[PDB]
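One structure is given below, encoded as structure tokens.
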Amino acid sequence: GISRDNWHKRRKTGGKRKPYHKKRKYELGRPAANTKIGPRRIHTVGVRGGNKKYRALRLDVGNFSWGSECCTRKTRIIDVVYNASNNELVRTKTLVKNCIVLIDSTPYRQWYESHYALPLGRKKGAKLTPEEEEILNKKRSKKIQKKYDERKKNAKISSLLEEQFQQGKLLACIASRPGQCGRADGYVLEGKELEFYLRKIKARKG
Amino acid sequence: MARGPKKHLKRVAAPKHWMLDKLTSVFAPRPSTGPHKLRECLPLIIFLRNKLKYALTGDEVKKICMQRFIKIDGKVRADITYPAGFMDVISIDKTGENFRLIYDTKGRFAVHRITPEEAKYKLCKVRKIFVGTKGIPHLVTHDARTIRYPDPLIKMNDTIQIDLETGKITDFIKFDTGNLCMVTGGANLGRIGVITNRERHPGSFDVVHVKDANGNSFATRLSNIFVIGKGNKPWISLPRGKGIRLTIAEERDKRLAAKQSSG
Amino acid sequence: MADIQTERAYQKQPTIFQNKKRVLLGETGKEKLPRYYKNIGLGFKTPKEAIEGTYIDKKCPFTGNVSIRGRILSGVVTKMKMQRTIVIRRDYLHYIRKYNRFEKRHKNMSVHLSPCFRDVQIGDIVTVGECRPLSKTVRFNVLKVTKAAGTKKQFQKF
RNA sequence: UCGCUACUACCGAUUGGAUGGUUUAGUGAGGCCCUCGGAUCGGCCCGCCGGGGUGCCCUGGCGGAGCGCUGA
RNA sequence: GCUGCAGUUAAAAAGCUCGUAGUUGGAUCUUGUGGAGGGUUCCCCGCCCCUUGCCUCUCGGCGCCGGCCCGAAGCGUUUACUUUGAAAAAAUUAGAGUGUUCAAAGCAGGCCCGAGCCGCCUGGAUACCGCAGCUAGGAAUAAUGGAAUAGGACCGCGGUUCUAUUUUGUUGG
RNA sequence: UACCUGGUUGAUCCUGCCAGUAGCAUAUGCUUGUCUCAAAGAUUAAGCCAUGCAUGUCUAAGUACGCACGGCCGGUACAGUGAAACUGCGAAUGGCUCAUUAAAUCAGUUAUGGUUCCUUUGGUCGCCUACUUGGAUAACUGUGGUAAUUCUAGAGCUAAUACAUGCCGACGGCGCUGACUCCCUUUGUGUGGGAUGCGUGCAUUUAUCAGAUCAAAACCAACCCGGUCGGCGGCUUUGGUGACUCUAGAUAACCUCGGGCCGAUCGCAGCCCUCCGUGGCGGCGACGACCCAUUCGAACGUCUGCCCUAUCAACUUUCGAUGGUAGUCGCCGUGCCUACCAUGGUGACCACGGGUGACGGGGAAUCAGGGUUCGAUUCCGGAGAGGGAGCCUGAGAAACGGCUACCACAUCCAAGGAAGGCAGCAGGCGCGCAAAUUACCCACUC
Numbered sequence: 002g003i004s005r006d007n008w009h010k011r012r013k014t015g016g017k018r019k020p021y022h023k024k025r026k027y028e029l030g031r032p033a034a035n036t037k038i039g040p041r042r043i044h045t046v047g048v049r050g051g052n053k054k055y056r057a058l059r060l061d062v063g064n065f066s067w068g069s070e071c072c073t074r075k076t077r078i079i080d081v082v083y084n085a086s087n088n089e090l091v092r093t094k095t096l097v098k099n100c101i102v103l104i105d106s107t108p109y110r111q112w113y114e115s116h117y118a119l120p121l122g123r124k125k126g127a128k129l130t131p132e133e134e135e136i137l138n139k140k141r142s143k144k145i146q147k148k149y150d151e152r153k154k155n156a157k158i159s160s161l162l163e164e165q166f167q168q169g170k171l172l173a174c175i176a177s178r179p180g181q182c183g184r185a186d187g188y189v190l191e192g193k194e195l196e197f198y199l200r201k202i203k204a205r206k207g
Numbered sequence: 001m002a003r004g005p006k007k008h009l010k011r012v013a014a015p016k017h018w019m020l021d022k023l024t025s026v027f028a029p030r031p032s033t034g035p036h037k038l039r040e041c042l043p044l045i046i047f048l049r050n051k052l053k054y055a056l057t058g059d060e061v062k063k064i065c066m067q068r069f070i071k072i073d074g075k076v077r078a079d080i081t082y083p084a085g086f087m088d089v090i091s092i093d094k095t096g097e098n099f100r101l102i103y104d105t106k107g108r109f110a111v112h113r114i115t116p117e118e119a120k121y122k123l124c125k126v127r128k129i130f131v132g133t134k135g136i137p138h139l140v141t142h143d144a145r146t147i148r149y150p151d152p153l154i155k156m157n158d159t160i161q162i163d164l165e166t167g168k169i170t171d172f173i174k175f176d177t178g179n180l181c182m183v184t185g186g187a188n189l190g191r192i193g194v195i196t197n198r199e200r201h202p203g204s205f206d207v208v209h210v211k212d213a214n215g216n217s218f219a220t221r222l223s224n225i226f227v228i229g230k231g232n233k234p235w236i237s238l239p240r241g242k243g244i245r246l247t248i249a250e251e252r253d254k255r256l257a258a259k260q261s262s263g
Numbered sequence: 001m002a003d004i005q006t007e008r009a010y011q012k013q014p015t016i017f018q019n020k021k022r023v024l025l026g027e028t029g030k031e032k033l034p035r036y037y038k039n040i041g042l043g044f045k046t047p048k049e050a051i052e053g054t055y056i057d058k059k060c061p062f063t064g065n066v067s068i069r070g071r072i073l074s075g076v077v078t079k080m081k082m083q084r085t086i087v088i089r090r091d092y093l094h095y096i097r098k099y100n101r102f103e104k105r106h107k108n109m110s111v112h113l114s115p116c117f118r119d120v121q122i123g124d125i126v127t128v129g130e131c132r133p134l135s136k137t138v139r140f141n142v143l144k145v146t147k148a149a150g151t152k153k154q155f156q157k158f
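Protein chains in written order, with PDB author numbering: chain K, 2 to 207; chain G, 1 to 263; chain N, 1 to 158.
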């Protein structure tokens, strides 16, 4: 119906070619996923040669990663901020490859606190002392220090990172096609990208 | 016509090395899918009534194959058509006969009878090396056998002897200059001669010179060469003719010399 | 180099990561970027200029994804007026067997040009090679540029 | 030149007629996708009986309640 | 009417000139001698300076007595042309074989034995395939190429800068 | 066989055309003994169609309580033969037509390192239920409706390699945590063992790491061996291509259920029991399933090749034209599509436009040499089934011997409705100068 033909469209000279063969099943469209954020709705689509293709509508979880220290945990996908293909897609909260979105930022802290033995940015130390100090202080004899010594000075954590934990959000990059895969996935922004997209955000809105 | 795959091949579309006539009807057998390619096959039924003449109609072959007197590559087959090609062994155990499919210098599949002892193995070219899962290797051959754990110095364009009984190759030949080779396709076909020289081009369609024991030099593409044994010493039995590739004048001279068309 | 972004998106090479390990360079140092390149094979050589320089382009074969496989051809420059591509020409001779004469015919083709080459001028010989499609009228990329023909680009004293 | 017959082409009022294809705008069948919709049909919990077991349990048969929760 | 036409008078050179595309374009850059194949000088190795132009070498063979020699590796500024290979569906066509009763065809068929051989022998060639593309040899012919506001040659030296990761058994400064 | 002859004048020599001459293929007239081979509604109307037929299918081996036949008596998987019905598979092959179609089709040449692939062939096959789980449908039995259809309702039964579920065996698997404990330097750090936790097959998606060897020395810090109570000599680790972000490996995770895999299936014939029908196991098949390879292909892409026309010379663009960047979609590559941005692309070497009684090629007729003309048509490729569009099923179709709608036709009707597409074989009407039997048969060839 809606098709992805190539026997339409002008040649280089501005010429036209007269109608040749009728539309066929291997040149075919099928309308866009237009996936949002919400409760999971998945549809299974039969596709050529078999080998079913998953189309995801309204995901709310993706597997992001923090490849700086190589941990990857499942985290909720809150809202869109920047979509580098169009401005309109952000307004209706459409989710596609290479967007910039927000997450809860929760397990990354839990991992950091247990492994590097330090909290991130904090409102107050009063919260920590009755519980959440129980993990941070430890009763080991022998391997209070012995393990943790090797973790020291490999946890400088950068300025633009640390400030974001306090808000409870982090900026990560969709590196999947949700409409073809059936899953959202990605990597979290680091380095110069994370400097770049801040400037685009503050430029465009506000 | 086409919307999917075809299931007919006519008489006149079919290759000329099956030596078909033109006064039986429009269709020809067409080999069904298998390890060999249809411009290199000899379909089974063409061996049984257009060569050896046991059968006379296609319905007779259907009554023969069901009885399970036929084998191919030491296993039992039971259909009108099977796509056996170069270097396979047919085995009828009731008559005590064994055949081999190999090329005349004319370039067509002949009758090359052999001892049953010879018919316990065949010679197979290596074409591709492919590392499988968890650090295990594979071979790929033209008869489409995947033989795991080969020796780690065997590479493509070599040939390997396979025991039909147990698989799992016992020995091999290494591709080297001065080893004896047979041709399997192209304009030169059925010629036997040593390698002599190689030629390489980065890209594709490298060629391979050849010379025989009649003092003639010729060349062919790389991928039409098949190794048969070390220099002037085949590790297989050879038919009459022996890759000489006589001119037409000399062939005339032989026939009028023996005066041979009667016994 | 220090600016290579003008898009609404960030530009970078695949197969590159930014580590956050160690901290001590003093003033400056590693630009926090190792360069990516690869061999092309077939007796063609990567330019020094590619490995030195900084550009992000995915359609050149010295950096980005695209192979050269199949044919290899030549041509000549005729025009450049487009960004990250050029136009070229192929002069050749068509024969007629009723007559015993030839006649001239030419076709024109576009082909993509790397930001690596920037010494191109209109009239240089160019070499190209078959590739997978990049665009509607681009199927090729440059492998090499040369000048080795009459009325050279600069005075003889080289 | 003018007069006589066969015959062919052209111009032409009629703003000719007929048939076919393009083209702006409006209207728009049918299917597909998406978002809703819930006719309707079941399952599992509490009574009585049958079987097994420790007034109660499991399973089967039968009825009724909330039709609670749940699937199609 | 390319091979192969015609234009004073028979049908026919723009009134005349300039002019871009197109087509076409002067001359000029190497010859003799022993061996081998064919004559009585002349047409695969070498020699005058050159001879398939060079090196540089290093890794895997051949040698000869650690030391030394020569095949494969980059190529001779680029093309056309010509010559050799590769790769080309069948039928048709040319064409070999075969007594279809001869032929148009066809791909067959021919042999010795009373059957007592339980068989023997043999064919189903070969050629052609505009182009364009792939391969190797030739260097005449026709295009294209270089140092004249100098850079070619040699481990000739300086000045200046960047970088390679090998070795002091290993791992770090 | 590389050939000419008649006709302008009173007569002659030219120029030039007309006529004569031979072949080929269509029609037509007249005539016609015997023998073999055989083209045949293409030309025009890809006009329209009565009737008949042209695609179905069971083995020892998916499912047999047909009140069928049969039985030697049965059912205790249970018969032998078996209509019907569910299930699997095919119906996308062939046959036919030449309407569309001028860089399109198609041919030669190349490319998947840009992809998909039923099937065959070869490999892949263990991290109050398991002596076998769950509940309905047909045939069948019985009652009906409609003018009419290969229409269809209601009731009562009963199956599975249909449908929906889900163990066990043999896990004595791996890394990182380290309750702890022991020796020597409090610690740190050098040590040896260690309970207790979580993950630990392949496939799927993401991030990260590795994917080694070049050329030599001088001292200092931690250190092996040849060996000693501060210092000398000796080592270093997958596969493949011309070339890949390749192959295989490691780490951290992701998991699709109703929507990855890892057998609750069927048929032949044998055995062994610290031993008496169980607990065990062996051969031969049949079917199914996941992945890899293979075969048959499919789909896009490279270079070169085209008939007539200028009384067609400028064409193409936000109704994407050319390119850049990102995304969507798709089996994949790609302005294929969308957003943003640039202003390009093509042409006197004939673009663009128009015409074609133009499907293309392998070829055919004529022919000294060079050519000219034809190619609907038996082989190969393509396109289409009254005209348009959409879609289901499947590995493969935008299918018409499938479906839905519109438009042009045409049929039946109780006027409520219902049914149809001969460019398949025959046959009829029409059209024309113009073209065959409503025959016989699956024996050959497939």
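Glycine included, C-beta positions come from ideal geometry on N, C-alpha and C.
- Contact check for G:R49 and G:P15: beta-carbon distance about 18 Å, past the 8 Å limit, so the pair fails to qualify.
- Rounded to the nearest whole angstrom, the C-alpha separation of N:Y37 and N:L143 is 14 Å.
- In this model, K:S86 and K:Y188 are separated by some 19 Å (Cα to Cα).
- Following the DSSP letters along the chain, one finds K:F166 inside the alpha helix (DSSP H) bounded by residues 160-168.
- If you keep only unbroken alpha helix (DSSP H) runs of at least 4 residues inside the stretch 93-124 of chain N, you get nothing at all.
- Three or more beta-carbon pairs drawn from the stretch 152-164 of chain G and the stretch 126-141 of chain G are found closer than 8 Å, and the two stretches are therefore classed as touching.
- Using beta-carbon distances, K:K153 does not count as an interface residue toward chain N, since no partner is under 7 Å.
- Between the beta-carbon of K:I101 and that of K:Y83 there is about 4 Å, and that keeps the pair under the 8 Å contact cut.
- Every beta strand (DSSP E) of 3 residues or more that sits fully in the stretch 92-152 of chain K is shown, in chain order, as 100-104.
- Scanning chain N for C-beta atoms nearer than 7 Å to the C-beta of K:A85 yields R8, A9, reported in chain order.
- With respect to chain N, the C-beta atom of K:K170 has no partner C-beta closer than 7 Å.
- When the five nearest sequence neighbours on each side are left out, the beta carbons in the same chain lying within less than 8 Å of the beta carbon of G:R77 are those of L44, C65, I70, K71, in order along the chain.
- Between K:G207 and K:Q167, the CB-CB gap reaches or exceeds 7 Å.
- Between the alpha carbons of K:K170 and K:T107 lies a distance of about 9 Å.
- Excluding five sequence positions before and after G:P29, the CB atoms of its chain that fall closer than 7 Å to its own CB belong to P43, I45, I46, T81, given in chain order.
- According to the DSSP assignment, K:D80 belongs to the beta strand (DSSP E) that extends over 72-84.
- In the displayed model, K:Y198 falls within a helix according to three-state DSSP.
- In chain N, no part has a C-beta under 8 Å from the C-beta of K:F65; the shortest such distance is about 15 Å.
- In this structure K:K139 is in contact with K:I145, their Cβ atoms being roughly 5 Å apart against a cut-off of 8 Å.
- Closer than 7 Å to the CB of N:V87 there is not a single CB belonging to chain K.
- Assigned with DSSP and collapsed to three states, G:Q161 falls in strand.
- Shown here is that no member of the stretch 50-72 of chain N has a Cβ falling below 7 Å from a Cβ of chain K.
- By the rule that beta-carbons nearer than 7 Å mark a contact, K:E191 touches chain N.
- In this structure K:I175 is buried. Its beta-carbon is surrounded by 16 or more other beta-carbon atoms within 10 angstroms.
- Bounds of the alpha helix (DSSP H) holding G:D253 are 248-258.
- Listed in chain order, the non-local C-beta contacts of K:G16 below 8 Å within the same chain number zero, local neighbours out to five positions each way being set aside.
- Contact check for N:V138 against N:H106 fails: the beta carbons are separated by 7 Å or more.
- Here the alpha carbons of G:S223 and K:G192 stand approximately 52 Å from one another.
- K:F197 has a beta carbon lying within less than 7 Å of a beta carbon in chain N.
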